[PDB]
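>
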Amino acid sequence: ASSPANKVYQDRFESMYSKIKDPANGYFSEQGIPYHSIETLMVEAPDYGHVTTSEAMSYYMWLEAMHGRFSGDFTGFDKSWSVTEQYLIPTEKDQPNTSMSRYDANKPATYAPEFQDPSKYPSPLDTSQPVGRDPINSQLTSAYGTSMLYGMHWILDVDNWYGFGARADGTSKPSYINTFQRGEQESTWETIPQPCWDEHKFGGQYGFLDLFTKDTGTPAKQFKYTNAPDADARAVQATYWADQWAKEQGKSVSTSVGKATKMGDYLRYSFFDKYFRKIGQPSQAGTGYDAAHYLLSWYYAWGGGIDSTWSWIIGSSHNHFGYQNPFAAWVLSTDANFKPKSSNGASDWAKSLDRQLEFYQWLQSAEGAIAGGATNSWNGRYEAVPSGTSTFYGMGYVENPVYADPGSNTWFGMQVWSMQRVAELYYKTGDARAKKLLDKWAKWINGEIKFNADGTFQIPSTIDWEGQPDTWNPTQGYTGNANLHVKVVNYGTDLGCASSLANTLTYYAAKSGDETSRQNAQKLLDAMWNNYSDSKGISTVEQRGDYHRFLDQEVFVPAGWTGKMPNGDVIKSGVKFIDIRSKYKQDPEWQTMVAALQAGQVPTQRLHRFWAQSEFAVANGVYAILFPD
Ligand SMILES: O=C[C@H](O)[C@@H](O)[C@H](O[C@@H]1O[C@H](CO)[C@@H](O)[C@H](O)[C@H]1O)[C@H](O)CO
Ligand SMILES: [Ca+2]
Numbered sequence: 001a002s003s004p005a006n007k008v009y010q011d012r013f014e015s016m017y018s019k020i021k022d023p024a025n026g027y028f029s030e031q032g033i034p035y036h037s038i039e040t041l042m043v044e045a046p047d048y049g050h051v052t053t054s055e056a057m058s059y060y061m062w063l064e065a066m067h068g069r070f071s072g073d074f075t076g077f078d079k080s081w082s083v084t085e086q087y088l089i090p091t092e093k094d095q096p097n098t099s100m101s102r103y104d105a106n107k108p109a110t111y112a113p114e115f116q117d118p119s120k121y122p123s124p125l126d127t128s129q130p131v132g133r134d135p136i137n138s139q140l141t142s143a144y145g146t147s148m149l150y151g152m153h154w155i156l157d158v159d160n161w162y163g164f165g166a167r168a169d170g171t172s173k174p175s176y177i178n179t180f181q182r183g184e185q186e187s188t189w190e191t192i193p194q195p196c197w198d199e200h201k202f203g204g205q206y207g208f209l210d211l212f213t214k215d216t217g218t219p220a221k222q223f224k225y226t227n228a229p230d231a232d233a234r235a236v237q238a239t240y241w242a243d244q245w246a247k248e249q250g251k252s253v254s255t256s257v258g259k260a261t262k263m264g265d266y267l268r269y270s271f272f273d274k275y276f277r278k279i280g281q282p283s284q285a286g287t288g289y290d291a292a293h294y295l296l297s298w299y300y301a302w303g304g305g306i307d308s309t310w311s312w313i314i315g316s317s318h319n320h321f322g323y324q325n326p327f328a329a330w331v332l333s334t335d336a337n338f339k340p341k342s343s344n345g346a347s348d349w350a351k352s353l354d355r356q357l358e359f360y361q362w363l364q365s366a367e368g369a370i371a372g373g374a375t376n377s378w379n380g381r382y383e384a385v386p387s388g389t390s391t392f393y394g395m396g397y398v399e400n401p402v403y404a405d406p407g408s409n410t411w412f413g414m415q416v417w418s419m420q421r422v423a424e425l426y427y428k429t430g431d432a433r434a435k436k437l438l439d440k441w442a443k444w445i446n447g448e449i450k451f452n453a454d455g456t457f458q459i460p461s462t463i464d465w466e467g468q469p470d471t472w473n474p475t476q477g478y479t480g481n482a483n484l485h486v487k488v489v490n491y492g493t494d495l496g497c498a499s500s501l502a503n504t505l506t507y508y509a510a511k512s513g514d515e516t517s518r519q520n521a522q523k524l525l526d527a528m529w530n531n532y533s534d535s536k537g538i539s540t541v542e543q544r545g546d547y548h549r550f551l552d553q554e555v556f557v558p559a560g561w562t563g564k565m566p567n568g569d570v571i572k573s574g575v576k577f578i579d580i581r582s583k584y585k586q587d588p589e590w591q592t593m594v595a596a597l598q599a600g601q602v603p604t605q606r607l608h609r610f611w612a613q614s615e616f617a618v619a620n621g622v623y624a625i626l627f628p629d
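Heads up, the sequence shown is in PDB author numbering, so the first residue is 1 and it goes up one at a time.
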């Protein structure tokens, strides 16, 4: 039987759950897939509100699991995994085994450089450049009897708003699409949405392929998928709690635990350098695990031919602290129920856990906030690391990993999302490394939470950095990083980040006894509940400072290249963001947004982001369980 939970906060969870699953509120599509946000005029990570992400699915799993904990009904949780496997994990039709089985573990992919500006793309493929060996593919095909990968593609066009359809039919929904392809300077506003399954039916003469990659011959028809490691790890994290809570009530989610374990087995592809180069010696091709940094990199991707049989898989050289998940690693390496079927699954995750906690500590600033990360591929072309640059196992420190527009580590959210996982690990194991990290971090953030007299509040929103950490010496440990500093540029009231912050503080407080963390966590939850509720959950008015890019952001297109989006929009040099997404002009909020830009004002919105709403719900649940009195 489950332990008693605080009545007050349990009801707040059940209330939020009802608002989120309420058909009338519109958080889900008719197929049961959750949208990024109710509102459609949305550009921040995905560039359309009703486009979904693997991140949303993982939050959908977390939400339903907590629901199982209070209702004894886990059918919703099992349903979230069904929808996921059905719509976000490419099926046999989407990633044909005929092509995947032609994969060569000794030659995973063909090298192609990365550029610091979108106008340098397409990037030319170079077969002369070295590529290391894939050591885990044999383990996976052996344990699962297939060459297909079991991981979630990160972004989905739920209602086929772009018109690409399923496998080029132009009419089916949902639709597998991708956006980012051209380096650190390609913001959400500078992409060219493209289909994952490219049969050359849309876009240019060869689909969208020659916009990003330049080969010696004709681009072949091909499919490609990209994973968001932090999302798959969160799915494992959520499934673990669902399992625990189910067993406390004599119920079972056995089937879901299996899917999660398999997903976690495949997630190991994020442990490797993009083109499998040795960690700390990027000029050499790896011979196996000497190419594994054992951290959750920005992604891993795979693709293959549609008309001909061949395929490739790549990891990532860039590592951001915000993507790490020490808890998921603890689960997959120590819990017998989540032991991956592959020969080295559990042991690799054991190595990942230790490597991740070292990564966090190495990046902890003098104040307590965690710095960006590191890369094994300087400038994305395996260039010489500038002298004086600090390193972590041979990898150079990077302030804003992967993206610089805006800097990937200028958003406060990465702080709470990632530290919340450390807090869960600390709560469950009392691990000393986690404690040392949370004591300092929690003292920093507790001094940055501002409560106003009228009930509202503010927390860090945008942050900046100065300096770099001292080179990591495993046997030396944390030096204190006196020259690494964080600066809070501005504060705000982001309800998603505030909820995640509450979650983190609650787990930490429950284990450490730190009253300051507990009372701040409760004050946040109470403030949000009392002052920001609406019939759809919670919200607040926020400014959309980048929305002017809707009209003045030019999209780069290679000289001589012309194509059409499914709806007819012409793709050519000179086009702006809106020019290749003309349907946005039919959005209910379009006139209001444009009116504000004309009046020289900053547009404002009252948004209901799915992950934010779920974050608030879960935060209430966690508190009700850890502080039953
Ligand atoms: O870097 C700024 C952020 O992207 C903001 O636009 C926030 O959006 C969230 O950003 C994270 C990180 O990229 C996404 O994973 C998430 O889906 C976005 O909602 C925005 O202020 C809301 O928190
Ligand atoms: Ca840019």
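All C-beta atoms, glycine included, are put in the ideal place defined by N, C-alpha and C.
I'd like to confirm something about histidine 153: is its beta-carbon nearer than 8 Å to some heavy atom of ligand 1, or not?
Because no heavy atom of ligand 1 lies under 8 Å away, the Cβ of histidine 153 does not count as near it: no.
> Taking buried to mean at least 16 other C-beta atoms within 10 Å of its own C-beta, is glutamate 515 buried or exposed?
Burial call: exposed.
> Mark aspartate 307 as exposed unless 16 or more other C-beta atoms lie within 10 angstroms of its C-beta, in which case mark it buried.
So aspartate 307 ends up on the exposed side.
> Any heavy atom of ligand 4 closer than 8 Å to the beta-carbon of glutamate 186?
Because ligand 4 does not appear in the structure shown, any question about it cannot be addressed here, the ligands present being ligand 1 and ligand 2.
> Identify every run of the beta strand (DSSP E) within the region 436-501, keeping only runs that are complete inside it and at least 3 residues long; order them along the chain.
If we require 3 residues or more, the beta strand (DSSP E) runs fully inside the region 436-501 come out as 457-466 and 485-492.
> Closer than 8 Å: is that where the CB of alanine 166 sits relative to any heavy atom of ligand 1?
No.
> Going by Cα to Cα distance, which pick from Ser82, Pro23 and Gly49 is closest to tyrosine 35?
For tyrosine 35, the nearest C-alpha among the options comes from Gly49.
> Go ahead and label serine 311 buried or exposed: buried means 16 or more other beta carbons lie within 10 angstroms of its beta carbon, across all protein chains shown.
Buried, because 16 or more other Cβ atoms sit within 10 Å of the Cβ of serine 311.
> From which residue to which residue does the beta strand (DSSP E) around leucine 156 run?
From DSSP, the beta strand (DSSP E) with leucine 156 extends over 155-157.
> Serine 352 and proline 282 - do their beta-carbons sit closer together than 9 Å?
Contact: no.
> What is the residue span of the beta strand (DSSP E) that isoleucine 38 lies within?
Element bounds for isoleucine 38: n/a, residue is neither H nor E.
> Assign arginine 606 to buried or exposed, taking buried as 16 or more other Cβ atoms, counted over all protein chains shown, within 10 Å of its Cβ.
The residue is exposed, with fewer than 16 neighbouring Cβ atoms inside 10 Å.
> Determine the extent of the beta strand (DSSP E) in which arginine 606 is found, giving its start and end residues.
Looking at the DSSP string, the run of the beta strand (DSSP E) that includes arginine 606 is 604-606.
> So is the beta-carbon of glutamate 248 under 8 Å away from any non-hydrogen atom of ligand 2?
The answer is no for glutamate 248.
> Please list, in chain order, all residues of the same chain as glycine 207 whose beta carbon is under 6 Å from its beta carbon, the five residues on each side excluded.
Within the same chain, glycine 207 has close Cβ partners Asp198 and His200.
> In chain order, what residues of the same chain have a beta carbon less than 7 Å from the beta carbon of residue 644, not counting five sequence neighbours either side?
Outside the shown range of the chain, which is 1 to 629, sits residue 644, and nothing can be said about it.
> Could you check if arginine 421 belongs to the surroundings of ligand 1, using beta carbon to heavy atom distance under 8 Å?
Answer for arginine 421: no, Cβ out of range of ligand 1.
> Given this structure, state the Cα-to-Cα distance separating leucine 332 from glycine 264, to the nearest angstrom.
Each residue's alpha carbon lies about 7 Å from the other.
> Are the beta-carbon atoms belonging to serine 138 and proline 406 less than 9 Å from one another?
The answer is no: Cβ separation not under 9 Å.
> Is it the case that the CB of residue 640 approaches a heavy atom of ligand 2 more closely than 8 Å?
A query on residue 640 cannot be resolved here, the shown segment of the chain reaching from 1 to 629 and no further.
> Can you tell me whether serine 408 sits near ligand 1, meaning its C-beta is under 8 Å from at least one heavy atom of the ligand?
Yes, ligand 1 has a heavy atom inside 8 Å of this Cβ.
> Got a sec? Which residues, its chain only, sit under 7 Å from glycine 165 by beta carbon, not counting five neighbours each side?
For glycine 165, where only same-chain residues beyond five positions count, the Cβ hits under 7 Å are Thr171, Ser172 and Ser175.
> In three-state DSSP terms, what is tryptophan 529?
Helix, per DSSP.
> How long is the line joining the alpha carbons of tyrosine 478 and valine 488, rounded to whole angstroms?
Each residue's Cα considered, the two are about 23 Å apart.
> For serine 283, report the span of its alpha helix (DSSP H) as first-last.
Segment 281-285 is the beta strand (DSSP E) holding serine 283; no alpha helix (DSSP H) there.
> For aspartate 431, which of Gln116, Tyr60, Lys511 and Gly563 has the nearest alpha-carbon?
Of the candidates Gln116, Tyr60, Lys511 and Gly563, the one whose C-alpha sits nearest the C-alpha of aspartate 431 is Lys511.
> To the nearest whole angstrom, what separates the beta carbons of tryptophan 441 and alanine 56, a pair I think is in contact under 8 Å?
Contact flag wrong, Cβ pair sits at about 27 Å.
> Grab me the residues of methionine 66's own chain with a C-beta within less than 6 Å of its C-beta, minus the 5 sequence neighbours each way, in chain order.
Same-chain partners within the cutoff: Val618 and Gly621.
> What are the boundary residues of the beta strand (DSSP E) that includes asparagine 137?
No beta strand (DSSP E) contains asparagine 137, which is instead part of the alpha helix (DSSP H) from 137-144.
> Pairs of beta-carbons, one from the region 285-299 and one from the region 247-261, closer than 8 Å: are there three or more?
The region 285-299, when compared against the region 247-261, does not touch it at the 8 Å Cβ threshold.
> From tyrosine 426 to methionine 528, what distance separates their C-alpha atoms?
Looking at the two C-alpha atoms, the distance is approximately 26 Å.
> Rounded to the nearest angstrom, how far is the Cβ of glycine 132 from that of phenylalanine 276, given a contact under 8 Å?
Contact flag correct, Cβ pair sits at about 3 Å.
> Classify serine 147 as buried or exposed, calling it buried when 16 or more other Cβ atoms lie within 10 Å of its own Cβ.
That one is buried.
> Kindly identify the DSSP beta-bridge partner or partners of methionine 395.
BP columns for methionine 395 point to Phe392.
> Residue range of the alpha helix (DSSP H) that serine 254 falls in?
Its alpha helix (DSSP H) spans residues 254-266.
> Helix, strand or coil for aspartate 169 per DSSP?
Here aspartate 169 sits in coil by DSSP.
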